[PDB]
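# Structural features, examined
If you want the building blocks of each chain, they are given just below.
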Amino acid sequence: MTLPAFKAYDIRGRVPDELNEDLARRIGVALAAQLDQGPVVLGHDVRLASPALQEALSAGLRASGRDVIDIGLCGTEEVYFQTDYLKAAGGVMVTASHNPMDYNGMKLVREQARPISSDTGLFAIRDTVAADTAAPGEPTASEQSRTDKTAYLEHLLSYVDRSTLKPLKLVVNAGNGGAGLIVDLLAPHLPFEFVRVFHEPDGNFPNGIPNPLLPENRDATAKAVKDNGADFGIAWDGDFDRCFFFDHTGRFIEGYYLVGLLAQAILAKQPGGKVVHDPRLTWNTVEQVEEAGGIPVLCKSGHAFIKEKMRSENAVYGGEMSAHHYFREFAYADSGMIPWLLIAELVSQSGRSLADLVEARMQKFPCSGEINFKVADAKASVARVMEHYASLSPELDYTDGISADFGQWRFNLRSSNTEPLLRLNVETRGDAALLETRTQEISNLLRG
Ligand SMILES: O=P(O)(O)C[C@H]1O[C@H](CO)[C@@H](O)[C@H](O)[C@H]1O
Ligand SMILES: [Ca+2]
């Protein structure tokens, strides 16, 4: 067969069956043969296995003559930023994002933090590793320990005018992932009062997997916000490349509406910029980008596609409805920290709550949120939906699965590139009853 840990965008597996130290080391040797010249930046997340996997990966790399720069415990965006900042040949983050306790993985980038996908070298690494039968060589290169985050921190703060910031009260929920360490390093430079929930890094995840979409993690943050009268709350996944917002009532804000709002914040600083967005949910983003003088640029979802469209278009900002936010000045990479700094500045400067900033957008373009399906025949399921609606003549688009625009409502339906699921997203023009009917009706066609 082929190695199962090698997914489309990255390496995800169960330790030690699909991913282990010998596989990691072999990945190190194979990566040395794919990169242009320069050192390799390594980082890892809080998971229990992640240091041992990094040590193995460093050994394979140094056996093949690449210097390693170990930046230690970190979030995924720091490997991206440090790879670009230090002009390294590439970087590797050991992490399993939001996945179960027995999982780990790796995200790989080349120069300027460009992603390595199955498309673009990750499957060439897989093939090399699959065949590499050789014995581990000895380290012929060094490992430098570069744990200082000053440049990263200074970079993050540069997005906001610190003298316009009000002493807002913010709940932060790191889910025992790694985000609280960055918060605690920024706190001395910010006027905010932080209310820290599930703050300490703990790879045993005592309070559960860092995944804010799970209702127990959701309710922990929503409750902290109401109990403390915070202005809003922020929660991250384990490696904090995803950021989720809660308004002052404790209400979870669908990542879709943050794309348009962050867009407007950015185009206030860089007028006439291009903004990259995905096709799942579109109408609110397009109108807000245009209202702000920007240019909306549609792109297939998935972080490797977004980053490339942004480079090739010189887009100032890009956003997915799955809580990934991308910034040109951040090596065209995603950050889970920049978003909430931008929102904090917006609230401070406008005198508006986060709830009021999004309220009218949510009523103007209600959406279903992402709904996932395991079905028997994904093709036959999709066929049934298209059959049922063909007599209404929807405008179709195949940029990313199927988008069907009916005028007053639309949906996107697409297979996942990382799970064997169908993902559904629906939205209407200010009609919540139509939203519910069409979402139930489509759900029925899918399952039946
Ligand atoms: O499983 P999917 O939908 O193909 C890909 C999923 O993970 C990616 C990487 O975190 C995200 O960029 C994407 O928006 C998300 O839907
Ligand atoms: Ca993540």
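Rules behind the numbers
- Residues numbered from 1 in each chain as written, not as in the entry; some residues may be left out.
- Chains lettered and ligands numbered in written order.
- Heavy atoms only, no water.
- Helix = DSSP H or I, 4+ residues; strand = E, 2+ residues; numbered from the N terminus.
- Contact = heavy atoms within 4.5 Å.
- Polar contact = N/O pair within 3.5 Å; in protein donor to acceptor, adjacent residues only side chain to side chain.
- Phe/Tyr/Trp six-rings, centres within 6.5 Å; stacked < 30°, edge-to-face > 60°.
- Buried < 20%, exposed > 50% of the residue type's maximum accessible area, 1.4 Å probe, protein only.
- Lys NZ or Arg CZ within 6 Å of the ring centre and 35° of its normal.
- Donors = N, O, S within 2.8 Å, 3.2 Å for Na, K, Ca; no water.
- Near = heavy atom within 4 Å.
- Areas by Shrake-Rupley, 256 points an atom, 1.4 Å probe, with all protein chains shown as cover.
- Nonpolar A, V, L, I, M, F, W, Y, C, P; charged D, E, K, R; others polar.
- Domains from an automatic or database assignment.
- Expected span 1.5 Å × (residues − 1).
- Salt bridge = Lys/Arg side-chain N within 4 Å of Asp/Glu carboxyl O.
- Pairing = 2+ DSSP bridges.
- Axes fitted to C-alpha atoms, helices over the stretch in contact; angles between N-to-C directions.
- Buried area = accessible area lost by both parts, 1.4 Å probe.

- Method of determination, as annotated in the archive: X-ray crystallography, at 2.050 Å resolution.

- Anyone opening this PDB entry will find it titled "Xanthomonas citri Phospho-PGM in complex with glucopyranosyl-1-methyl-phosphonic acid at room temperature".

## Side note on the environment of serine 348
- If you trace the backbone, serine 348 turns up in helix α11 (residues 338–350).
- Each C-alpha atom, one on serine 348 and one on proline 167, is 8.3 Å from the other, the two residues being 181 residues apart in sequence.
- Those residues within four positions of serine 348 in sequence are excluded, and the remaining contacts are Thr164, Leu165, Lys166, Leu168 and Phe192.
- Separated by 3.3 Å, the side chain of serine 348 and the backbone nitrogen of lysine 166 make a polar contact.

## Quick look at the packing of aromatic side chains
- As enumerated under the stated definition, the model contains 21 aromatic pairs in all.
- Measuring from centroid to centroid gives 5.0 Å for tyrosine 256 and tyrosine 257, while their planes differ by 45 degrees, and the two rings are tilted.
- Residue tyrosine 256 is classed as buried on the basis of its relative accessible area, which comes to 1%.
- Taking relative accessible area as the criterion, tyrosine 257 reaches 4% and is therefore assigned buried.
- Ring pairing ties together the aromatic residues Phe81, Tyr85, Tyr152 and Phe330, which thus form one cluster.
- Of note, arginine 126 hangs over the ring of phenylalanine 123, and the distance from its end group to the ring centre comes to 4.0 Å.
- The positively charged end of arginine 429 is found above the aromatic ring belonging to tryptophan 283, 4.0 Å away from the centroid.

## Side note on the coordination of the calcium ion (ligand 2)
- Bound to the calcium ion (ligand 2) on the protein side are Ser97 (OG), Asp237 (OD), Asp239 (OD), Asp239 (OD), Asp241 (OD) and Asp241 (OD), at distances that span 2.0 to 3.1 Å.
- The sequence pattern describing where the donors of the calcium ion (ligand 2) fall on their chain is S-x139-D-x1-D-x1-D. Of the two residues, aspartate 237 and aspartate 239, neither departs from the other in class, the shared state being buried.

## A short note on the site of ligand 1
- Neighbouring ligand 1 are the residues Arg280, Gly302, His303, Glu320, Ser322, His324, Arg414, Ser416, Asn417, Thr418 and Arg423.
- One nitrogen or oxygen atom from the side chain of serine 322 is found 2.7 Å from an oxygen atom belonging to ligand 1.
- Coverage of ligand 1 by the protein amounts to 90% of the 380 Å² it exposes when considered alone.
- For the shell around ligand 1, the class distribution of residues is no nonpolar, 7 polar and 4 charged.
- Lining the shell around ligand 1 are residues from two domains, each supplying at least three of them: domain 3 (247–365) and domain 4 (366–448).

## With respect to helix α2 (residues 50–63)
- When the terminal C-alpha atoms of α2 are compared, their 20 Å separation across 14 residues agrees well with the 20 Å that a helix rising 1.5 Å per residue should span.
- Within α2, the full set of buried residues consists of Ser50, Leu53, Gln54, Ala56, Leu57, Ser58, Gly60, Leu61 and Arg62.
- On the buried face of α2, the contacting elements are α1 (21–34), β2 (40–44), β3 (68–73), β4 (90–94), β5 (103–109) and β6 (143–145).
- Looking at the residues trailing α2, positive phi occurs at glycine 65, about 80 degrees.

## Digging into the pattern of salt bridges
- Tallied over the full model, the rule gives 34 salt bridges.
- Of the charged contacts, one joins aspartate 227 and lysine 223 as a salt bridge, the two residues approaching to 2.8 Å between their closest N and O atoms. Within this pair, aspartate 227 and its partner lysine 223 are both found in helix α7 (residues 215–227), separated by 4 residues, close to a single helical turn.
- You can call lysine 223 partly exposed: its relative accessible area is 48%.
- Among the ionic pairs, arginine 280 bridges to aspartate 278, the shortest N-O distance being 3.2 Å.

## Quick notes on the sheet that holds strand β11 (residues 252–253)
- Read across the open sheet, the 5 strands follow the order β8-β7-β9-β10-β11; overall the sheet is mixed. The strands lining the two open edges of the sheet, one partner per strand, are β8 (193–197) and β11.
- With 4 bridges joining them, strand β9 (residues 232–236) and strand β10 (residues 243–246) adopt antiparallel strand pairing. Bridge pairing in β10 places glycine 233 opposite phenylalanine 246.
- Packing against the sheet, α7 makes contact with β7 (169–173), β8, β9 and β10, and its axis sits at approximately 160 degrees to β7.

## Here's the deal with the domain arrangement of the chain
- Domains assigned within the chain are domain 1 (1–147), domain 2 (169–246), domain 3 (247–365) and domain 4 (366–448).
- With centres defined by C-alpha atoms, the gap from domain 1 to domain 3 works out at 30 Å.
- Each partner contributes to the interface: domain 1 provides 10 residues, whereas domain 3 provides 15 residues.
- In total, about 1100 Å² of surface goes out of reach between domain 1 and domain 3, with carbon and sulfur atoms giving 59% of it.
- When the area that domain 1 buries against domain 3 is broken down by residue, the three leading residues are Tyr9, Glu77 and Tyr80, summing to 51%.
- Connecting domain 1 to domain 3 are 1 salt bridge.
- Linking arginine 114 and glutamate 308 is a salt bridge whose minimum nitrogen-to-oxygen distance equals 3.6 Å.
- There are 3 residue pairs in polar contact connecting domain 1 and domain 3.
- Its residues assigned to classes, the side of domain 1 that touches domain 3 shows 5 nonpolar, 2 polar and 3 charged.

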